[PDB]
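All remarks here apply to the structure that follows.
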Number of protein chains: 2
Amino acid sequence: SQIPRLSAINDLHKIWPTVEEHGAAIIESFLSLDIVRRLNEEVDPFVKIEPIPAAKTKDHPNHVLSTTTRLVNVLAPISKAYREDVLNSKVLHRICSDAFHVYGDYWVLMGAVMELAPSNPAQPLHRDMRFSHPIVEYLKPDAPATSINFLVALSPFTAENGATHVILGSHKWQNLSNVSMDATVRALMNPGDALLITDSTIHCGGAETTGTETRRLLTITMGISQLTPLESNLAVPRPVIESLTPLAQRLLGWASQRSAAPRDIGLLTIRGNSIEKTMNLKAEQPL
Amino acid sequence: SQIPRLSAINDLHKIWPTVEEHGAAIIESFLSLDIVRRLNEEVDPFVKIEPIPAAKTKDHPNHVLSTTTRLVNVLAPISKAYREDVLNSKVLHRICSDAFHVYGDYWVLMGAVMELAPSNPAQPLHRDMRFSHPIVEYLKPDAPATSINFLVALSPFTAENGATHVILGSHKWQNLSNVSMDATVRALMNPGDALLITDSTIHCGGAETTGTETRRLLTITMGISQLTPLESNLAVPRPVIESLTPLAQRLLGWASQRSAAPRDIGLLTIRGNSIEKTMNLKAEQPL
Ligand SMILES: CN1C(=O)c2ccccc2NC(=O)/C1=C/c1ccc(C(F)(F)F)cc1
Ligand SMILES: CN1C(=O)c2ccccc2NC(=O)/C1=C/c1ccc(C(F)(F)F)cc1
Ligand SMILES: [Fe+3]
Ligand SMILES: [Fe+3]
């Protein structure tokens, strides 16, 4: 039983429901080739200057990722393609609104580009959020997913190069005795394609067996605005922020947020008023 | 059966365990009279110029609070007593650290001064966070509290003036069939005393029957860093922020946060580094 593939331009409303039922979906041509090329181009140097995850020079080192992994987050300052095309993607927003309607507003928990070097070993099967948000493990099983992850291929995902393994239907599992690599299916994708999974979906990066190929992806974790993000955009220059759309500003934490409660009082408010209104924050102002 | 009253200076380790078991506790002399006096002095103007909760001039109106209540949050820039004495209170930090060890770092969800005018009606029994964080409702019942509320009396709490009603043991309730004002006990307090309750504790503001007395309190909601705060400190002048201690900076969202996960990757980080290191934020620098 393989992962469901859906069109990003045709069968839309079918994406979230599909992931909901199966826990994983592949969205063909989520990003266009032109968009991928610009992103690749823009982040290229930052990826080459990124040290190992657990570098000693970091005060918040990542001890979970392998030494052959380079992860670059806080992409709004680095790339125009990400902060304009990606953050405003209509397909992403429709999927998110469908997924998080019961909770309310959603934002970016993390936007990052990941590069796996040649001979990168396979990760152990896991679920996202366990190393940052312990609260998630205390949610009731029928609770709707609080975060989802868009895994966009910036390069080819093949069996030989480490394409993502996924266990279909495991987002609903309560007993984890059944977890094994034998229950997984692969996510073979071309650049621009995206694998969508919920925070409860068991999966893992594959093993790179060629010794040649380098795999890159853009990982976008979207979550309800009630959860603190992994990355911060506080230090992003005002001009950049003021250059984005109000929607993008909100996803980045530069706006107040709302919940689904009928008489919602809001998040990140300032004495009854929004962050943006208090600060008279401009939007869509070019550099 | 009345609310347990504990000393803030002696029986310190008994406060959290007491609240955990009973859902509420009075902490006598949580703030000293000098601190209270300064706080009152400092926020007095902002309380008098505050409009009704659902003022039409606000973009994030509060339709739940009554029209005779004035609520003023984002207190760091207004008061030195709050931002220095209160945010650094040793009692508060020992309580929070004991409450939230399971989850990790905690911060301020909201710091607010509340004033109730004469003849303020009694609120309906309720639980906090329902109009802002719908996620809380999907937590398993054995999940440790994700937020707690310090209700500090800035004026006297009497039966006649509207002192807070609480239903002891109601934080462990799954069935809300027997919720009634008849199950409640009062929190009679002198200025500086604090009523501590969990997010699951059923309570309500009392009715002020004198027609003359005004009741004021400082409400402080402390929650795990994994939940988004209700108030934002983004627009607080940097000098002010750079004036606080590092701990206070963290409680205000002007620092990166950590969780209890063994190989924690952190929250609000910037490419492996903290907000404070990235921005080279100064601390304890007088105005
Ligand atoms: C730690 N971590 C991340 O760094 C991360 C990286 C990109 C996008 C989301 C993301 N969120 C997480 O919770 C997370 C899970 C995770 C990664 C690797 C392994 C290993 F085991 F394989 F190593 C286990 C678990
Ligand atoms: C809306 N609300 C607050 O404004 C608030 C105000 C100060 C400190 C925490 C706090 N947390 C909440 O989610 C909340 C609960 C709440 C207040 C009044 C009533 C009424 F109904 F009684 F009014 C009901 C519910
Ligand atoms: Fe993962
Ligand atoms: Fe309340």
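The way I read the labels, and the way they are meant: chains A, B, ... in the order of the structure tokens, residue 1 as the first residue of every chain, and ligand 1 as the first ligand shown, with later ones counted on from there.
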- request: Identify every residue of chain B that has at least one atom within 8 Å of any atom of chain A, counting only C-alpha atoms, and report the result as JSON, numbers by chain.
  value: {"B": [53, 58, 59, 60, 61, 62, 63, 64, 71, 72, 73, 74, 103, 130, 131, 132, 133, 134, 135, 138, 139, 140, 143, 225, 226, 227, 228, 229, 230, 231, 232, 233, 234, 235, 258, 259, 260, 261, 262, 263, 264, 265, 266, 267, 268, 269, 270, 271, 272, 273, 274, 275, 278, 279]}
Serialized selection, C-alpha atoms, as a CSV table (one decimal), in the first residue's frame:
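Final file, out.csv:
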chain,number,residue,atom,x,y,z
B,53,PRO,CA,-12.8,45.5,28.0
B,58,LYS,CA,-9.6,47.8,20.4
B,59,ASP,CA,-8.7,45.3,17.6
B,60,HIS,CA,-8.7,42.5,20.1
B,61,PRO,CA,-11.6,43.2,22.3
B,62,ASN,CA,-12.5,41.2,25.4
B,63,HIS,CA,-16.2,40.3,25.3
B,64,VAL,CA,-16.1,38.1,28.4
B,71,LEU,CA,-7.7,45.2,33.0
B,72,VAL,CA,-4.2,46.3,32.3
B,73,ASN,CA,-1.5,44.0,31.1
B,74,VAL,CA,2.0,44.3,29.6
B,103,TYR,CA,7.6,20.2,30.9
B,130,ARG,CA,-10.7,28.4,27.5
B,131,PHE,CA,-11.0,31.6,25.5
B,132,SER,CA,-7.4,31.7,24.3
B,133,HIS,CA,-6.0,28.2,24.3
B,134,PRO,CA,-8.4,25.6,23.1
B,135,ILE,CA,-5.6,23.1,23.1
B,138,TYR,CA,-7.5,18.2,24.8
B,139,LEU,CA,-5.0,17.3,27.4
B,140,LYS,CA,-5.4,14.1,29.1
B,143,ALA,CA,-1.4,15.7,32.5
B,225,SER,CA,7.2,28.0,27.6
B,226,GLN,CA,5.6,25.8,25.1
B,227,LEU,CA,2.4,27.8,25.2
B,228,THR,CA,2.0,31.1,23.6
B,229,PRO,CA,1.3,34.0,25.9
B,230,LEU,CA,-1.8,36.1,25.9
B,231,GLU,CA,0.2,39.3,26.1
B,232,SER,CA,3.1,40.4,24.1
B,233,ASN,CA,6.2,42.2,25.1
B,234,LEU,CA,7.5,42.8,21.6
B,235,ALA,CA,6.9,46.5,21.7
B,258,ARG,CA,14.2,25.2,26.9
B,259,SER,CA,12.2,22.1,27.5
B,260,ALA,CA,12.5,19.1,29.8
B,261,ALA,CA,13.3,16.7,27.0
B,262,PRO,CA,16.7,15.0,27.7
B,263,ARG,CA,18.1,16.1,24.4
B,264,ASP,CA,16.1,19.3,24.1
B,265,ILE,CA,16.6,21.3,21.0
B,266,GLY,CA,15.0,24.5,22.4
B,267,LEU,CA,12.3,26.9,21.6
B,268,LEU,CA,12.7,30.3,19.8
B,269,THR,CA,16.3,29.6,18.8
B,270,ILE,CA,18.1,31.1,15.9
B,271,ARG,CA,20.2,28.6,14.0
B,272,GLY,CA,21.5,26.9,17.0
B,273,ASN,CA,21.9,30.0,19.1
B,274,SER,CA,19.9,31.9,21.6
B,275,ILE,CA,17.9,35.1,21.0
B,278,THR,CA,22.3,36.5,18.6
B,279,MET,CA,21.1,39.9,19.5
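Every protein, DNA or RNA residue with an atom at most 6 Å from residue 115 in chain A, where only C-alpha atoms count and chain neighbours fewer than 4 positions away do not, is listed here: residues 69, 70, 215 and 216 of chain A.
Taking CA of residue 214 in chain B as the reference point, CA of residue 118 in chain B is found at 5.5 Å.
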task: Could you tell me how far CA of residue 19 in chain B lies from CA of residue 79 in chain B, in Å and to one decimal?
output: 28.8 Å
- request: Could you please write out, as a VMD selection string, every residue of range 4-154 of chain B that DSSP assigns to helix (DSSP H, G or I)?
  value: chain B and resid 15 to 22 33 to 48 80 to 86 90 to 99 134 to 138
- prompt: What are the DSSP strand (DSSP E) residues of range 60-177 of chain B, as a ChimeraX atom specification?
  reply: /B:69-73,106-116,147-153,165-166
Neighbours of ligand 3 at 8 Å or closer, counting only C-alpha atoms and all ligand atoms: which residues, as an mmCIF file with N, CA, C and O atoms, in the first residue's frame?
data_model
loop_
_atom_site.group_PDB
_atom_site.id
_atom_site.type_symbol
_atom_site.label_atom_id
_atom_site.label_comp_id
_atom_site.auth_asym_id
_atom_site.auth_seq_id
_atom_site.Cartn_x
_atom_site.Cartn_y
_atom_site.Cartn_z
ATOM 1 N N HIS A 126 10.575 7.849 14.199
ATOM 2 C CA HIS A 126 10.223 8.759 15.283
ATOM 3 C C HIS A 126 8.952 9.531 14.930
ATOM 4 O O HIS A 126 8.399 9.412 13.827
ATOM 5 N N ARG A 127 8.595 10.412 15.839
ATOM 6 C CA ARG A 127 7.523 11.365 15.676
ATOM 7 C C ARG A 127 8.136 12.721 15.978
ATOM 8 O O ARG A 127 8.946 12.872 16.855
ATOM 9 N N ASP A 128 7.743 13.726 15.238
ATOM 10 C CA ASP A 128 8.262 15.071 15.460
ATOM 11 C C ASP A 128 7.736 15.641 16.784
ATOM 12 O O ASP A 128 6.754 15.145 17.364
ATOM 13 N N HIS A 203 7.921 8.066 10.940
ATOM 14 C CA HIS A 203 8.643 8.161 9.681
ATOM 15 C C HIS A 203 10.126 8.236 10.013
ATOM 16 O O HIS A 203 10.506 8.289 11.181
ATOM 17 N N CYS A 204 10.941 8.379 8.995
ATOM 18 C CA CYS A 204 12.356 8.534 9.185
ATOM 19 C C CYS A 204 13.040 8.808 7.879
ATOM 20 O O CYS A 204 12.593 8.388 6.857
ATOM 21 N N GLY A 205 14.128 9.543 7.926
ATOM 22 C CA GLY A 205 14.890 9.796 6.746
ATOM 23 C C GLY A 205 15.572 8.513 6.359
ATOM 24 O O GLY A 205 16.004 7.764 7.201
#
message: I'd like the contact shell of residue 18 in chain A - 10 Å cut-off, only C-alpha atoms, skipping same-chain residues fewer than 4 positions apart - returned as a ChimeraX atom specification.
response: /A:3-6,13-14,22-26
Create the file for the chosen residues now, containing C-alpha atoms and written as a PDB file, in the first residue's frame.
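Produced file again-v3.pdb, reproduced below:
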ATOM      1  CA  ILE A   3       1.521   6.800  -0.200  1.00  0.00           C
ATOM      2  CA  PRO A   4      -1.268   8.766  -1.823  1.00  0.00           C
ATOM      3  CA  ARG A   5      -0.232  11.236  -4.466  1.00  0.00           C
ATOM      4  CA  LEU A   6      -2.293  14.291  -5.059  1.00  0.00           C
ATOM      5  CA  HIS A  13      -9.777  19.720  -0.795  1.00  0.00           C
ATOM      6  CA  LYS A  14      -8.673  16.136  -0.993  1.00  0.00           C
ATOM      7  CA  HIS A  22      -3.630   7.990   6.128  1.00  0.00           C
ATOM      8  CA  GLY A  23      -1.178  10.190   7.968  1.00  0.00           C
ATOM      9  CA  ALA A  24       0.848  10.954   4.902  1.00  0.00           C
ATOM     10  CA  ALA A  25       0.420  12.330   1.459  1.00  0.00           C
ATOM     11  CA  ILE A  26       2.605  13.378  -1.391  1.00  0.00           C
TER      12      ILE A  26
END
message: Taking only C-alpha atoms and all ligand atoms into account, list the residues no farther than 12 Å from ligand 4, as a VMD selection string.
response: chain B and resid 64 to 65 114 122 to 131 148 to 151 164 to 166 195 to 206 219 to 221
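Atom 21 (F, counted along the ligand's line) of ligand 2 is positioned 19.4 Å from CA of residue 153 in chain B.
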- prompt: Which residues, written as a PyMOL selection string, have at least one atom at most 9 Å from range 27-42 of chain A, with only C-alpha atoms counted and residues fewer than 6 positions away on the same chain left out?
  reply: chain A and resi 4-9+15+78-82+85-86+89+91-92+152-155+189-196+216
How would the residues just chosen look if you wrote them out with N, CA and C atoms as a tab-separated table (two decimals), in the first residue's frame?
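Saved result, part-v7.tsv, follows:
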chain	number	residue	atom	x	y	z
A	4	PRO	N	-0.39	8.10	-0.88
A	4	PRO	CA	-1.27	8.77	-1.82
A	4	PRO	C	-0.67	9.99	-2.45
A	5	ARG	N	-0.76	10.10	-3.76
A	5	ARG	CA	-0.23	11.24	-4.47
A	5	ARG	C	-1.35	12.10	-4.94
A	6	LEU	N	-1.25	13.38	-4.69
A	6	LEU	CA	-2.29	14.29	-5.06
A	6	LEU	C	-1.79	15.46	-5.86
A	7	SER	N	-2.65	16.04	-6.67
A	7	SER	CA	-2.26	17.18	-7.43
A	7	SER	C	-2.45	18.39	-6.60
A	8	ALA	N	-1.53	19.32	-6.74
A	8	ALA	CA	-1.62	20.54	-6.00
A	8	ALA	C	-2.49	21.56	-6.68
A	9	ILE	N	-2.76	21.37	-7.96
A	9	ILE	CA	-3.57	22.32	-8.67
A	9	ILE	C	-4.95	21.83	-8.97
A	15	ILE	N	-6.58	16.92	-0.13
A	15	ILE	CA	-5.29	16.76	0.51
A	15	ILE	C	-5.35	16.54	2.01
A	78	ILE	N	17.18	35.28	4.63
A	78	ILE	CA	18.04	34.77	3.62
A	78	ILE	C	17.44	34.66	2.25
A	79	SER	N	16.16	34.38	2.16
A	79	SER	CA	15.59	34.13	0.86
A	79	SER	C	14.29	34.82	0.50
A	80	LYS	N	14.25	35.39	-0.68
A	80	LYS	CA	13.09	36.07	-1.17
A	80	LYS	C	12.06	35.07	-1.64
A	81	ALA	N	12.52	33.96	-2.17
A	81	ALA	CA	11.60	32.97	-2.64
A	81	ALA	C	10.81	32.39	-1.50
A	82	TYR	N	11.46	32.16	-0.38
A	82	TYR	CA	10.78	31.62	0.76
A	82	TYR	C	9.83	32.61	1.38
A	85	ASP	N	7.07	33.71	-1.98
A	85	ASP	CA	6.30	32.66	-2.61
A	85	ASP	C	5.85	31.59	-1.65
A	86	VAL	N	6.78	31.07	-0.88
A	86	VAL	CA	6.51	30.00	0.06
A	86	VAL	C	5.57	30.36	1.19
A	89	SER	N	2.00	30.68	-0.06
A	89	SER	CA	1.47	29.66	-0.90
A	89	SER	C	0.02	29.35	-0.60
A	91	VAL	N	-1.69	26.78	-1.51
A	91	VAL	CA	-1.94	25.41	-1.21
A	91	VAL	C	-1.61	25.10	0.23
A	92	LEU	N	-0.59	25.75	0.74
A	92	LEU	CA	-0.19	25.55	2.11
A	92	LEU	C	-1.25	26.12	3.00
A	152	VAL	N	9.42	19.43	1.60
A	152	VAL	CA	9.59	19.74	0.20
A	152	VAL	C	10.91	19.32	-0.37
A	153	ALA	N	10.88	18.56	-1.44
A	153	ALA	CA	12.10	18.12	-2.06
A	153	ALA	C	12.77	19.19	-2.88
A	154	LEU	N	13.99	19.52	-2.50
A	154	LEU	CA	14.81	20.46	-3.24
A	154	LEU	C	15.75	19.76	-4.22
A	155	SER	N	15.74	18.45	-4.13
A	155	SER	CA	16.48	17.52	-4.96
A	155	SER	C	15.72	16.18	-5.03
A	189	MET	N	10.22	11.29	-4.70
A	189	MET	CA	9.73	12.54	-5.20
A	189	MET	C	10.72	13.27	-6.04
A	190	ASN	N	10.21	14.11	-6.91
A	190	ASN	CA	11.02	15.00	-7.71
A	190	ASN	C	11.05	16.39	-7.06
A	191	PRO	N	12.00	17.21	-7.44
A	191	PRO	CA	12.14	18.53	-6.85
A	191	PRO	C	10.85	19.27	-6.97
A	192	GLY	N	10.43	19.92	-5.91
A	192	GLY	CA	9.17	20.64	-5.92
A	192	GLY	C	8.04	19.85	-5.31
A	193	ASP	N	8.18	18.55	-5.26
A	193	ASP	CA	7.19	17.70	-4.65
A	193	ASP	C	7.29	17.82	-3.14
A	194	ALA	N	6.21	17.55	-2.44
A	194	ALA	CA	6.21	17.66	-1.00
A	194	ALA	C	5.51	16.53	-0.29
A	195	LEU	N	6.15	15.99	0.72
A	195	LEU	CA	5.56	14.95	1.52
A	195	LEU	C	4.97	15.59	2.75
A	196	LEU	N	3.69	15.39	2.98
A	196	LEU	CA	3.02	15.97	4.11
A	196	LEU	C	2.70	14.97	5.19
A	216	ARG	N	18.64	17.38	-0.48
A	216	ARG	CA	18.23	18.61	0.14
A	216	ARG	C	16.74	18.73	0.20
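Proximity ranking of B:162, B:239, B:111, B:45 relative to ligand 2 places B:111 first, based on only C-alpha atoms and all ligand atoms.
Across B:145, B:217, B:99, B:185, the tightest approach to ligand 2 is made by B:217 when counting only C-alpha atoms and all ligand atoms.
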